file coords.tsv (TSV, C-alpha atoms and all ligand atoms)
chain	number	residue	atom	x	y	z
A	1	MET	CA	80.80	33.76	-75.79
A	2	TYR	CA	83.46	36.06	-74.37
A	3	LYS	CA	85.82	36.86	-77.24
A	4	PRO	CA	83.40	37.52	-80.16
A	5	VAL	CA	81.02	39.50	-77.93
A	6	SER	CA	83.85	41.68	-76.60
A	7	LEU	CA	84.99	42.45	-80.15
A	8	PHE	CA	81.42	43.26	-81.20
A	9	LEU	CA	80.96	45.58	-78.23
A	10	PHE	CA	84.35	47.17	-78.95
A	11	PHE	CA	83.25	47.91	-82.51
A	12	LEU	CA	80.01	49.58	-81.38
A	13	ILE	CA	81.89	51.78	-78.92
A	14	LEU	CA	84.35	52.76	-81.66
A	15	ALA	CA	81.54	53.40	-84.16
A	16	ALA	CA	80.15	55.88	-81.63
A	17	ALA	CA	83.49	57.31	-80.52
A	18	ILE	CA	84.53	58.36	-84.04
A	19	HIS	CA	81.75	60.96	-83.90
A	20	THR	CA	83.42	62.74	-80.99
A	21	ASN	CA	85.72	65.61	-81.78
A	22	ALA	CA	88.22	64.26	-79.23
A	23	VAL	CA	88.70	61.04	-81.22
A	24	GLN	CA	88.64	62.80	-84.60
A	25	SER	CA	91.40	65.11	-83.35
A	26	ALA	CA	93.51	62.24	-82.04
A	27	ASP	CA	92.92	60.36	-85.31
A	28	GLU	CA	94.11	63.39	-87.29
A	29	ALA	CA	97.17	63.81	-85.04
A	30	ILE	CA	98.23	60.18	-85.42
A	31	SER	CA	97.62	60.20	-89.17
A	32	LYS	CA	99.83	63.27	-89.64
A	33	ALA	CA	102.45	62.01	-87.18
A	34	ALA	CA	102.82	58.88	-89.32
A	35	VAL	CA	103.85	61.07	-92.27
A	36	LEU	CA	106.90	62.16	-90.24
A	37	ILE	CA	108.35	58.62	-90.28
A	38	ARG	CA	107.96	58.22	-94.04
A	39	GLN	CA	110.86	57.58	-96.39
A	40	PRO	CA	110.44	56.76	-100.10
A	41	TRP	CA	112.03	53.33	-99.66
A	42	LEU	CA	109.64	52.65	-96.77
A	43	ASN	CA	106.72	53.95	-98.87
A	44	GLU	CA	107.49	51.14	-101.33
A	45	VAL	CA	107.82	48.52	-98.61
A	46	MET	CA	104.58	49.61	-96.96
A	47	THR	CA	102.74	49.51	-100.28
A	48	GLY	CA	103.95	45.94	-100.76
A	49	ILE	CA	102.84	45.06	-97.22
A	50	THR	CA	99.42	46.60	-97.74
A	51	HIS	CA	98.74	44.32	-100.73
A	52	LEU	CA	98.61	41.37	-98.31
A	53	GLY	CA	95.32	42.91	-97.12
A	54	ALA	CA	93.85	43.57	-100.57
A	55	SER	CA	90.79	41.53	-101.47
A	56	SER	CA	92.25	41.16	-104.96
A	57	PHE	CA	95.15	39.30	-103.33
A	58	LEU	CA	93.20	37.37	-100.69
A	59	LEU	CA	90.56	35.87	-102.99
A	60	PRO	CA	93.15	33.99	-105.14
A	61	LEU	CA	95.11	33.16	-101.98
A	62	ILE	CA	92.08	31.56	-100.30
A	63	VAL	CA	91.21	29.66	-103.49
A	64	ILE	CA	94.80	28.40	-103.79
A	65	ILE	CA	95.07	27.30	-100.17
A	66	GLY	CA	91.62	25.71	-100.29
A	67	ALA	CA	92.50	23.84	-103.47
A	68	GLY	CA	95.75	22.70	-101.88
A	69	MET	CA	93.91	21.43	-98.82
A	70	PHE	CA	91.42	19.58	-101.02
A	71	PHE	CA	94.14	17.67	-102.87
A	72	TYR	CA	96.15	17.04	-99.71
A	73	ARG	CA	93.38	15.97	-97.33
A	74	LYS	CA	90.15	15.82	-99.40
A	75	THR	CA	88.64	18.56	-97.22
A	76	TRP	CA	86.10	21.10	-98.44
A	77	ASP	CA	87.04	23.60	-95.72
A	78	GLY	CA	88.17	25.99	-98.45
A	79	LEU	CA	84.48	26.64	-99.01
A	80	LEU	CA	84.16	27.76	-95.38
A	81	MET	CA	87.12	30.08	-95.96
A	82	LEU	CA	85.47	31.61	-99.04
A	83	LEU	CA	82.19	32.01	-97.15
A	84	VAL	CA	83.71	33.85	-94.21
A	85	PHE	CA	85.69	36.02	-96.64
A	86	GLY	CA	82.57	36.90	-98.62
A	87	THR	CA	80.70	37.59	-95.39
A	88	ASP	CA	83.60	39.81	-94.39
A	89	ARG	CA	83.55	41.83	-97.60
A	90	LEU	CA	79.77	42.19	-97.50
A	91	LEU	CA	79.74	43.40	-93.89
A	92	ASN	CA	82.56	45.90	-94.48
A	93	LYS	CA	80.74	47.35	-97.50
A	94	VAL	CA	77.40	47.67	-95.68
A	95	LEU	CA	78.96	49.33	-92.63
A	96	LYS	CA	81.03	51.71	-94.76
A	97	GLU	CA	78.04	52.96	-96.75
A	98	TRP	CA	75.93	53.25	-93.60
A	99	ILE	CA	78.53	55.18	-91.59
A	100	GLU	CA	79.97	57.32	-94.44
A	101	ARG	CA	83.17	58.45	-92.74
A	102	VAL	CA	85.32	60.82	-94.79
A	103	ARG	CA	88.86	59.61	-95.53
A	104	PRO	CA	91.88	61.39	-93.98
A	105	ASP	CA	92.98	62.99	-97.30
A	106	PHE	CA	96.02	64.73	-95.81
A	107	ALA	CA	98.66	62.71	-97.63
A	108	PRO	CA	97.45	59.45	-99.22
A	109	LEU	CA	100.05	57.30	-100.93
A	110	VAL	CA	97.53	54.87	-102.47
A	111	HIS	CA	94.21	55.21	-104.24
A	112	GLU	CA	90.84	54.61	-102.58
A	113	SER	CA	87.26	54.91	-103.83
A	114	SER	CA	85.11	54.41	-100.72
A	115	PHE	CA	84.36	55.65	-97.23
A	116	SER	CA	86.88	55.24	-94.44
A	117	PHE	CA	85.26	53.26	-91.59
A	118	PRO	CA	85.83	50.36	-91.06
A	119	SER	CA	89.08	49.66	-92.98
A	120	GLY	CA	88.55	46.86	-95.47
A	121	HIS	CA	92.22	45.86	-95.69
A	122	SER	CA	92.39	45.56	-91.90
A	123	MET	CA	89.06	43.71	-91.76
A	124	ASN	CA	90.21	41.35	-94.54
A	125	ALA	CA	93.55	40.65	-92.86
A	126	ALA	CA	92.24	40.19	-89.32
A	127	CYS	CA	89.73	37.65	-90.64
A	128	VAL	CA	91.53	35.75	-93.39
A	129	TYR	CA	95.01	35.26	-91.95
A	130	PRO	CA	93.84	33.82	-88.59
A	131	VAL	CA	91.33	31.69	-90.52
A	132	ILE	CA	94.08	30.40	-92.82
A	133	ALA	CA	96.18	29.68	-89.73
A	134	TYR	CA	93.31	27.73	-88.16
A	135	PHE	CA	92.72	25.53	-91.20
A	136	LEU	CA	96.42	25.00	-91.93
A	137	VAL	CA	97.00	23.81	-88.35
A	138	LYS	CA	93.83	21.70	-88.64
A	139	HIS	CA	94.88	19.90	-91.82
A	140	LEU	CA	98.69	19.95	-91.94
A	141	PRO	CA	100.11	17.54	-89.32
A	142	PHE	CA	103.63	18.88	-89.93
A	143	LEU	CA	102.39	22.21	-88.51
A	144	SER	CA	101.55	20.55	-85.20
A	145	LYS	CA	104.00	21.76	-82.54
A	146	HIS	CA	104.30	24.97	-84.63
A	147	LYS	CA	100.74	26.15	-83.95
A	148	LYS	CA	101.70	29.17	-81.84
A	149	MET	CA	104.13	30.30	-84.54
A	150	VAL	CA	101.54	29.94	-87.31
A	151	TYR	CA	99.09	32.13	-85.40
A	152	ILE	CA	101.81	34.63	-84.49
A	153	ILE	CA	102.65	34.96	-88.19
A	154	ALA	CA	98.98	35.56	-88.98
A	155	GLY	CA	98.81	38.20	-86.24
A	156	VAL	CA	102.01	39.92	-87.37
A	157	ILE	CA	100.75	40.05	-90.97
A	158	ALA	CA	97.36	41.49	-89.98
A	159	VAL	CA	98.94	44.08	-87.67
A	160	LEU	CA	101.37	45.11	-90.41
A	161	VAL	CA	98.55	45.48	-92.93
A	162	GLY	CA	96.68	47.70	-90.48
A	163	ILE	CA	99.80	49.75	-89.74
A	164	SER	CA	100.30	50.21	-93.48
A	165	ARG	CA	96.84	51.74	-93.96
A	166	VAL	CA	97.68	54.43	-91.40
A	167	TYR	CA	101.23	54.85	-92.75
A	168	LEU	CA	99.95	55.23	-96.32
A	169	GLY	CA	97.47	57.90	-95.23
A	170	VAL	CA	94.24	56.24	-96.38
A	171	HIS	CA	92.78	55.10	-93.06
A	172	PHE	CA	92.61	56.49	-89.58
A	173	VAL	CA	93.80	54.31	-86.72
A	174	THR	CA	90.20	53.91	-85.57
A	175	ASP	CA	89.20	52.67	-89.04
A	176	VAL	CA	91.91	50.02	-88.63
A	177	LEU	CA	90.89	49.02	-85.10
A	178	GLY	CA	87.25	48.84	-86.20
A	179	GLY	CA	88.15	46.52	-89.06
A	180	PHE	CA	90.47	44.48	-86.83
A	181	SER	CA	87.71	43.84	-84.31
A	182	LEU	CA	85.11	42.66	-86.84
A	183	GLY	CA	87.49	40.55	-88.94
A	184	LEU	CA	88.67	38.85	-85.75
A	185	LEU	CA	85.03	38.41	-84.73
A	186	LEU	CA	84.28	36.59	-88.00
A	187	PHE	CA	87.36	34.42	-87.46
A	188	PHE	CA	86.22	33.37	-83.98
A	189	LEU	CA	82.73	32.66	-85.32
A	190	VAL	CA	83.90	30.36	-88.12
A	191	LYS	CA	86.46	28.67	-85.83
A	192	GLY	CA	83.83	28.07	-83.15
A	193	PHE	CA	81.44	26.66	-85.74
A	194	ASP	CA	84.01	24.35	-87.32
A	195	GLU	CA	85.06	23.01	-83.93
A	196	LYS	CA	81.46	22.62	-82.76
A	197	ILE	CA	80.52	20.37	-85.70
A	198	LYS	CA	83.45	17.99	-85.20
A	199	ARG	CA	82.38	14.42	-84.50
A	200	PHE	CA	85.65	13.57	-82.74
A	201	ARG	CA	87.72	15.96	-80.66
B	301	LIG	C1	87.09	43.97	-74.86
B	301	LIG	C2	86.51	44.87	-73.78
B	301	LIG	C3	85.08	44.47	-73.39
B	301	LIG	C4	84.09	44.69	-74.54
B	301	LIG	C5	84.34	46.00	-75.28
B	301	LIG	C6	83.83	47.18	-74.46
B	301	LIG	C7	85.01	48.02	-73.97
B	301	LIG	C8	86.06	48.29	-75.05
B	301	LIG	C9	87.26	48.97	-74.37
B	301	LIG	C10	87.65	50.18	-74.72
B	301	LIG	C11	86.93	50.94	-75.83
B	301	LIG	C12	87.76	52.15	-76.26
B	301	LIG	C13	87.32	52.61	-77.65
B	301	LIG	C14	88.48	53.31	-78.35
B	301	LIG	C15	88.06	54.73	-78.72
B	301	LIG	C16	88.21	55.64	-77.49
B	301	LIG	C17	86.82	56.11	-77.07
B	301	LIG	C18	86.98	57.26	-76.09
B	301	LIG	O1	87.83	57.22	-75.26
B	301	LIG	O2	86.13	58.37	-76.18
B	301	LIG	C19	86.50	59.42	-75.34
B	301	LIG	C20	85.43	60.48	-75.46
B	301	LIG	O3	85.30	60.75	-76.82
B	301	LIG	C21	85.87	61.73	-74.71
B	301	LIG	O4	85.07	62.79	-75.15
B	302	LIG	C1	79.21	50.08	-72.75
B	302	LIG	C2	79.43	48.74	-73.45
B	302	LIG	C3	78.27	48.48	-74.40
B	302	LIG	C4	78.24	49.55	-75.49
B	302	LIG	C5	76.95	49.43	-76.29
B	302	LIG	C6	76.65	50.73	-77.06
B	302	LIG	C7	77.88	51.63	-77.15
B	302	LIG	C8	77.90	52.36	-78.49
B	302	LIG	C9	76.56	53.03	-78.73
B	302	LIG	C10	75.90	52.83	-79.85
B	302	LIG	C11	76.47	51.90	-80.93
B	302	LIG	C12	75.94	52.30	-82.30
B	302	LIG	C13	76.80	53.44	-82.86
B	302	LIG	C14	75.94	54.28	-83.81
B	302	LIG	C15	76.63	55.62	-84.06
B	302	LIG	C16	76.05	56.67	-83.11
B	302	LIG	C17	76.72	58.01	-83.38
B	302	LIG	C18	76.04	58.70	-84.56
B	302	LIG	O1	75.37	58.07	-85.31
B	302	LIG	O2	76.19	60.07	-84.76
B	302	LIG	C19	75.53	60.49	-85.93
B	302	LIG	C20	74.97	61.88	-85.72
B	302	LIG	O3	74.50	62.36	-86.94
B	302	LIG	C21	76.08	62.79	-85.21
B	302	LIG	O4	76.17	63.89	-86.07
B	303	LIG	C1	99.40	21.41	-98.66
B	303	LIG	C2	98.47	22.24	-99.55
B	303	LIG	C3	97.70	23.27	-98.73
B	303	LIG	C4	98.50	24.57	-98.63
B	303	LIG	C5	98.43	25.35	-99.94
B	303	LIG	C6	99.81	25.36	-100.59
B	303	LIG	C7	100.18	26.78	-101.03
B	303	LIG	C8	99.93	27.78	-99.89
B	303	LIG	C9	101.20	28.59	-99.60
B	303	LIG	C10	101.49	29.68	-100.27
B	303	LIG	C11	100.57	30.21	-101.37
B	303	LIG	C12	101.22	31.38	-102.10
B	303	LIG	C13	100.26	31.87	-103.18
B	303	LIG	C14	100.48	33.36	-103.44
B	303	LIG	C15	99.12	34.07	-103.49
B	303	LIG	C16	98.75	34.44	-104.92
B	303	LIG	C17	97.71	35.56	-104.90
B	303	LIG	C18	97.55	36.19	-106.29
B	303	LIG	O1	97.41	35.50	-107.23
B	303	LIG	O2	97.59	37.59	-106.43
B	303	LIG	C19	96.73	38.13	-107.40
B	303	LIG	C20	97.10	39.61	-107.56
B	303	LIG	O3	97.32	40.17	-106.30
B	303	LIG	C21	95.97	40.37	-108.25
B	303	LIG	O4	95.93	41.69	-107.77
B	304	LIG	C1	78.22	28.91	-84.41
B	304	LIG	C2	78.36	30.13	-85.32
B	304	LIG	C3	77.35	30.02	-86.46
B	304	LIG	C4	77.97	30.58	-87.74
B	304	LIG	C5	78.39	29.41	-88.64
B	304	LIG	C6	79.09	29.89	-89.91
B	304	LIG	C7	80.44	30.51	-89.55
B	304	LIG	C8	80.46	31.98	-89.98
B	304	LIG	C9	81.16	32.09	-91.33
B	304	LIG	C10	80.53	32.54	-92.39
B	304	LIG	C11	79.06	32.97	-92.33
B	304	LIG	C12	78.34	32.45	-93.59
B	304	LIG	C13	77.43	33.53	-94.18
B	304	LIG	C14	77.55	33.55	-95.71
B	304	LIG	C15	77.26	34.93	-96.30
B	304	LIG	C16	78.01	35.08	-97.63
B	304	LIG	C17	77.92	36.53	-98.12
B	304	LIG	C18	78.67	36.71	-99.44
B	304	LIG	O1	79.26	35.80	-99.92
B	304	LIG	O2	78.67	37.95	-100.09
B	304	LIG	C19	79.85	38.25	-100.80
B	304	LIG	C20	80.11	39.74	-100.65
B	304	LIG	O3	78.89	40.41	-100.54
B	304	LIG	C21	80.86	40.32	-101.84
B	304	LIG	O4	80.64	41.71	-101.84
call {"tool": "encode", "arguments": {"input": "coords.tsv", "output": "structure tokens", "more": "lines below"}}
Ligand SMILES: CCCCCCCC/C=C\CCCCCCCC(=O)OC[C@H](O)CO
Ligand SMILES: CCCCCCCC/C=C\CCCCCCCC(=O)OC[C@H](O)CO
Ligand SMILES: CCCCCCCC/C=C\CCCCCCCC(=O)OC[C@H](O)CO
Ligand SMILES: CCCCCCCC/C=C\CCCCCCCC(=O)OC[C@H](O)CO
result
Amino acid sequence: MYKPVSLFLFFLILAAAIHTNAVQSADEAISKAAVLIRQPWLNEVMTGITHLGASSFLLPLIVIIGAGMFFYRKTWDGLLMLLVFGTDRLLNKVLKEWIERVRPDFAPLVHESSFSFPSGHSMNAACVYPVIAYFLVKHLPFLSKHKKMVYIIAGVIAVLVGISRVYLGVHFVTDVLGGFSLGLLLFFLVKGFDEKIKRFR
């Protein structure tokens, strides 16, 4: 359907475009321009923000939220959340090792030990936070009438995580957009599935 196909097509176009010198040059220019806004206090804040996208943070977060939902509503939907997360990490790893993009390496503020495209923190955040939002709104009746705000929070968090990877000099903008599009794709897939299997609307 429209939204996951558009994101998939957007990723393919980006995966091709990063091989053009025009995009590589714009990616370099934006990466270096981000250094100009840096301050040490903001370096610290952005490092804290970026941890919200770390798989070492999101795995215990998903397990905690899923456990909470199990006690509160007896749902096993936390297993769906773990599955889409694992799918997300597997897909990011396979694409990274296939594409083998070199990292910016102008001015990194955090450590990395892998290829650059697509960004795993951005892919993690664009998948997990909208997914969490979906299942929280599904299972927490006190979040009804706050649904738009829950999803806005998930979107703000994911965007900030992506911004932080460019700020911290470890991803190019296109790495972030590539990870955004595929994490969001996985979100729409698991949301569409969960809604499709409902026996009452
Ligand atoms: C959701 C839309 C429908 C489905 C998705 C298909 C269309 C995606 C839209 C724009 C892709 C832009 C990609 C961003 C990278 C820019 C690519 C580019 O402009 O390349 C210029 C070329 O390199 C000069 O030599
Ligand atoms: C127009 C809307 C539909 C778009 C559908 C297709 C658009 C993207 C094309 C192929 C995707 C696969 C990308 C694979 C990467 C190709 C570039 C590449 O591999 O370059 C390597 C070569 O060694 C250079 O040195
Ligand atoms: C009603 C029950 C369902 C809702 C669930 C209620 C709680 C969910 C809300 C906040 C969780 C905050 C948890 C903070 C995340 C901890 C992640 C962690 O442990 O971090 C590991 C560290 O990063 C290693 O590198
Ligand atoms: C109607 C749509 C049909 C789709 C319906 C399901 C919704 C999609 C969600 C998850 C896919 C499940 C695939 C499970 C693959 C798990 C892979 C895994 O856990 O690997 C961990 C990772 O490799 C550590 O590095």
call {"tool": "closest_atom_pairs", "arguments": {"input": "coords.tsv", "of": "chain A", "to": "ligand LIG 301 (chain B)", "cutoff": "12 Å", "atoms": "all atoms listed in the file", "output": "JSON lines"}}
result
{"residue": "A:1", "atom": "CA", "partner": "B:LIG301", "partner_atom": "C4", "distance": 11.5}
{"residue": "A:2", "atom": "CA", "partner": "B:LIG301", "partner_atom": "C3", "distance": 8.6}
{"residue": "A:3", "atom": "CA", "partner": "B:LIG301", "partner_atom": "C1", "distance": 7.6}
{"residue": "A:4", "atom": "CA", "partner": "B:LIG301", "partner_atom": "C1", "distance": 9.1}
{"residue": "A:5", "atom": "CA", "partner": "B:LIG301", "partner_atom": "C4", "distance": 6.9}
{"residue": "A:6", "atom": "CA", "partner": "B:LIG301", "partner_atom": "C4", "distance": 3.7}
{"residue": "A:7", "atom": "CA", "partner": "B:LIG301", "partner_atom": "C1", "distance": 5.9}
{"residue": "A:8", "atom": "CA", "partner": "B:LIG301", "partner_atom": "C5", "distance": 7.1}
{"residue": "A:9", "atom": "CA", "partner": "B:LIG301", "partner_atom": "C5", "distance": 4.5}
{"residue": "A:10", "atom": "CA", "partner": "B:LIG301", "partner_atom": "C5", "distance": 3.9}
{"residue": "A:11", "atom": "CA", "partner": "B:LIG301", "partner_atom": "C5", "distance": 7.6}
{"residue": "A:12", "atom": "CA", "partner": "B:LIG301", "partner_atom": "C6", "distance": 8.3}
{"residue": "A:13", "atom": "CA", "partner": "B:LIG301", "partner_atom": "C13", "distance": 5.6}
{"residue": "A:14", "atom": "CA", "partner": "B:LIG301", "partner_atom": "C13", "distance": 5.0}
{"residue": "A:15", "atom": "CA", "partner": "B:LIG301", "partner_atom": "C15", "distance": 8.6}
{"residue": "A:16", "atom": "CA", "partner": "B:LIG301", "partner_atom": "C17", "distance": 8.1}
{"residue": "A:17", "atom": "CA", "partner": "B:LIG301", "partner_atom": "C17", "distance": 4.9}
{"residue": "A:18", "atom": "CA", "partner": "B:LIG301", "partner_atom": "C15", "distance": 7.3}
{"residue": "A:19", "atom": "CA", "partner": "B:LIG301", "partner_atom": "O3", "distance": 7.9}
{"residue": "A:20", "atom": "CA", "partner": "B:LIG301", "partner_atom": "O3", "distance": 5.0}
{"residue": "A:21", "atom": "CA", "partner": "B:LIG301", "partner_atom": "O3", "distance": 7.0}
{"residue": "A:22", "atom": "CA", "partner": "B:LIG301", "partner_atom": "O3", "distance": 5.2}
{"residue": "A:23", "atom": "CA", "partner": "B:LIG301", "partner_atom": "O3", "distance": 5.6}
{"residue": "A:24", "atom": "CA", "partner": "B:LIG301", "partner_atom": "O3", "distance": 8.7}
{"residue": "A:25", "atom": "CA", "partner": "B:LIG301", "partner_atom": "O3", "distance": 9.9}
{"residue": "A:26", "atom": "CA", "partner": "B:LIG301", "partner_atom": "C16", "distance": 9.6}
{"residue": "A:27", "atom": "CA", "partner": "B:LIG301", "partner_atom": "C15", "distance": 9.9}
{"residue": "A:172", "atom": "CA", "partner": "B:LIG301", "partner_atom": "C15", "distance": 11.9}
{"residue": "A:173", "atom": "CA", "partner": "B:LIG301", "partner_atom": "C15", "distance": 9.9}
{"residue": "A:174", "atom": "CA", "partner": "B:LIG301", "partner_atom": "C15", "distance": 7.2}
{"residue": "A:175", "atom": "CA", "partner": "B:LIG301", "partner_atom": "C15", "distance": 10.6}
{"residue": "A:176", "atom": "CA", "partner": "B:LIG301", "partner_atom": "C14", "distance": 11.3}
{"residue": "A:177", "atom": "CA", "partner": "B:LIG301", "partner_atom": "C14", "distance": 8.4}
{"residue": "A:178", "atom": "CA", "partner": "B:LIG301", "partner_atom": "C14", "distance": 9.1}
{"residue": "A:181", "atom": "CA", "partner": "B:LIG301", "partner_atom": "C1", "distance": 9.5}
{"residue": "A:185", "atom": "CA", "partner": "B:LIG301", "partner_atom": "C1", "distance": 11.5}
call {"tool": "residues_around", "arguments": {"input": "coords.tsv", "residues": "residue 73 of chain A", "least_positions_apart": "4", "cutoff": "10 Å", "atoms": "all atoms listed in the file", "output": "count of residues only"}}
result
4
call {"tool": "residues_around", "arguments": {"input": "coords.tsv", "residues": "residue 107 of chain A", "least_positions_apart": "5", "cutoff": "9 Å", "atoms": "only C-alpha atoms", "output": "number ranges by chain"}}
result
A: 31-32, 35, 168-170
call {"tool": "closest_atom_pairs", "arguments": {"input": "coords.tsv", "of": "chain A", "to": "ligand LIG 304 (chain B)", "cutoff": "8 Å", "atoms": "all atoms listed in the file", "output": "Markdown table"}}
result
| residue | atom | partner | partner_atom | distance |
| --- | --- | --- | --- | --- |
| A:80 | CA | B:LIG304 | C9 | 6.6 |
| A:81 | CA | B:LIG304 | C9 | 7.8 |
| A:82 | CA | B:LIG304 | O1 | 7.5 |
| A:83 | CA | B:LIG304 | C10 | 5.1 |
| A:84 | CA | B:LIG304 | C10 | 3.9 |
| A:85 | CA | B:LIG304 | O1 | 7.2 |
| A:86 | CA | B:LIG304 | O1 | 3.7 |
| A:87 | CA | B:LIG304 | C17 | 4.0 |
| A:88 | CA | B:LIG304 | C20 | 7.2 |
| A:89 | CA | B:LIG304 | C20 | 5.1 |
| A:90 | CA | B:LIG304 | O3 | 3.6 |
| A:91 | CA | B:LIG304 | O3 | 7.3 |
| A:93 | CA | B:LIG304 | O4 | 7.1 |
| A:186 | CA | B:LIG304 | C8 | 6.3 |
| A:187 | CA | B:LIG304 | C9 | 7.7 |
| A:189 | CA | B:LIG304 | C2 | 5.0 |
| A:190 | CA | B:LIG304 | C7 | 3.7 |
| A:191 | CA | B:LIG304 | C7 | 7.3 |
| A:192 | CA | B:LIG304 | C1 | 5.8 |
| A:193 | CA | B:LIG304 | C1 | 4.1 |
| A:194 | CA | B:LIG304 | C7 | 7.5 |
| A:196 | CA | B:LIG304 | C1 | 7.3 |
call {"tool": "closest_atom_pairs", "arguments": {"input": "coords.tsv", "of": "chain A", "to": "ligand LIG 303 (chain B)", "cutoff": "10 Å", "atoms": "all atoms listed in the file", "output": "JSON lines"}}
result
{"residue": "A:51", "atom": "CA", "partner": "B:LIG303", "partner_atom": "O3", "distance": 7.1}
{"residue": "A:52", "atom": "CA", "partner": "B:LIG303", "partner_atom": "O3", "distance": 8.2}
{"residue": "A:53", "atom": "CA", "partner": "B:LIG303", "partner_atom": "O3", "distance": 9.8}
{"residue": "A:54", "atom": "CA", "partner": "B:LIG303", "partner_atom": "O3", "distance": 7.5}
{"residue": "A:55", "atom": "CA", "partner": "B:LIG303", "partner_atom": "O4", "distance": 8.1}
{"residue": "A:56", "atom": "CA", "partner": "B:LIG303", "partner_atom": "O4", "distance": 4.7}
{"residue": "A:57", "atom": "CA", "partner": "B:LIG303", "partner_atom": "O3", "distance": 3.8}
{"residue": "A:58", "atom": "CA", "partner": "B:LIG303", "partner_atom": "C17", "distance": 6.4}
{"residue": "A:59", "atom": "CA", "partner": "B:LIG303", "partner_atom": "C17", "distance": 7.4}
{"residue": "A:60", "atom": "CA", "partner": "B:LIG303", "partner_atom": "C17", "distance": 4.8}
{"residue": "A:61", "atom": "CA", "partner": "B:LIG303", "partner_atom": "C15", "distance": 4.4}
{"residue": "A:62", "atom": "CA", "partner": "B:LIG303", "partner_atom": "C15", "distance": 8.1}
{"residue": "A:63", "atom": "CA", "partner": "B:LIG303", "partner_atom": "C17", "distance": 8.9}
{"residue": "A:64", "atom": "CA", "partner": "B:LIG303", "partner_atom": "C5", "distance": 6.1}
{"residue": "A:65", "atom": "CA", "partner": "B:LIG303", "partner_atom": "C5", "distance": 3.9}
{"residue": "A:66", "atom": "CA", "partner": "B:LIG303", "partner_atom": "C3", "distance": 6.7}
{"residue": "A:67", "atom": "CA", "partner": "B:LIG303", "partner_atom": "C3", "distance": 7.1}
{"residue": "A:68", "atom": "CA", "partner": "B:LIG303", "partner_atom": "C2", "distance": 3.6}
{"residue": "A:69", "atom": "CA", "partner": "B:LIG303", "partner_atom": "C3", "distance": 4.2}
{"residue": "A:70", "atom": "CA", "partner": "B:LIG303", "partner_atom": "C3", "distance": 7.6}
{"residue": "A:71", "atom": "CA", "partner": "B:LIG303", "partner_atom": "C2", "distance": 7.1}
{"residue": "A:72", "atom": "CA", "partner": "B:LIG303", "partner_atom": "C1", "distance": 5.5}
{"residue": "A:73", "atom": "CA", "partner": "B:LIG303", "partner_atom": "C1", "distance": 8.2}
{"residue": "A:78", "atom": "CA", "partner": "B:LIG303", "partner_atom": "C3", "distance": 9.9}
{"residue": "A:132", "atom": "CA", "partner": "B:LIG303", "partner_atom": "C4", "distance": 9.3}
{"residue": "A:135", "atom": "CA", "partner": "B:LIG303", "partner_atom": "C3", "distance": 9.3}
{"residue": "A:136", "atom": "CA", "partner": "B:LIG303", "partner_atom": "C4", "distance": 7.0}
{"residue": "A:139", "atom": "CA", "partner": "B:LIG303", "partner_atom": "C3", "distance": 8.2}
{"residue": "A:140", "atom": "CA", "partner": "B:LIG303", "partner_atom": "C1", "distance": 6.9}
call {"tool": "residues_around", "arguments": {"input": "coords.tsv", "residues": "residue 99 of chain A", "least_positions_apart": "3", "cutoff": "9 Å", "atoms": "only C-alpha atoms", "output": "list in words"}}
result
residues 15, 94, 95, 96, 115, 116, 117 and 118 of chain A
call {"tool": "write_last_selection", "arguments": {"input": "coords.tsv", "atoms": "C-alpha atoms", "output": "mmCIF file, in the coordinates of the input"}}
result
data_model
loop_
_atom_site.group_PDB
_atom_site.id
_atom_site.type_symbol
_atom_site.label_atom_id
_atom_site.label_comp_id
_atom_site.auth_asym_id
_atom_site.auth_seq_id
_atom_site.Cartn_x
_atom_site.Cartn_y
_atom_site.Cartn_z
ATOM 1 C CA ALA A 15 81.540 53.400 -84.160
ATOM 2 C CA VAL A 94 77.400 47.670 -95.680
ATOM 3 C CA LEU A 95 78.960 49.330 -92.630
ATOM 4 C CA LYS A 96 81.030 51.710 -94.760
ATOM 5 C CA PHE A 115 84.360 55.650 -97.230
ATOM 6 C CA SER A 116 86.880 55.240 -94.440
ATOM 7 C CA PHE A 117 85.260 53.260 -91.590
ATOM 8 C CA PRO A 118 85.830 50.360 -91.060
#
call {"tool": "atom_distance", "arguments": {"input": "coords.tsv", "atom1": "atom CA of residue 49 of chain A", "atom2": "atom CA of residue 161 of chain A"}}
result
6.1 Å
call {"tool": "build_atoms", "arguments": {"input": "coords.tsv", "residues": "segment 131-136 of chain A", "atoms": "N, CA and C atoms", "output": "mmCIF file, in the frame of the given file"}}
result
data_model
loop_
_atom_site.group_PDB
_atom_site.id
_atom_site.type_symbol
_atom_site.label_atom_id
_atom_site.label_comp_id
_atom_site.auth_asym_id
_atom_site.auth_seq_id
_atom_site.Cartn_x
_atom_site.Cartn_y
_atom_site.Cartn_z
ATOM 1 N N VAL A 131 92.103 32.815 -89.990
ATOM 2 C CA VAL A 131 91.330 31.690 -90.520
ATOM 3 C C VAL A 131 92.247 30.722 -91.256
ATOM 4 N N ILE A 132 93.112 31.253 -92.125
ATOM 5 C CA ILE A 132 94.080 30.400 -92.820
ATOM 6 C C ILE A 132 94.919 29.636 -91.806
ATOM 7 N N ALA A 133 95.409 30.336 -90.780
ATOM 8 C CA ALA A 133 96.180 29.680 -89.730
ATOM 9 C C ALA A 133 95.395 28.542 -89.094
ATOM 10 N N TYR A 134 94.111 28.772 -88.805
ATOM 11 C CA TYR A 134 93.310 27.730 -88.160
ATOM 12 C C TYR A 134 93.214 26.498 -89.046
ATOM 13 N N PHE A 135 92.904 26.684 -90.331
ATOM 14 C CA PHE A 135 92.720 25.530 -91.200
ATOM 15 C C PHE A 135 94.032 24.871 -91.592
ATOM 16 N N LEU A 136 95.124 25.633 -91.691
ATOM 17 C CA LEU A 136 96.420 25.000 -91.930
ATOM 18 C C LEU A 136 96.818 24.110 -90.757
#
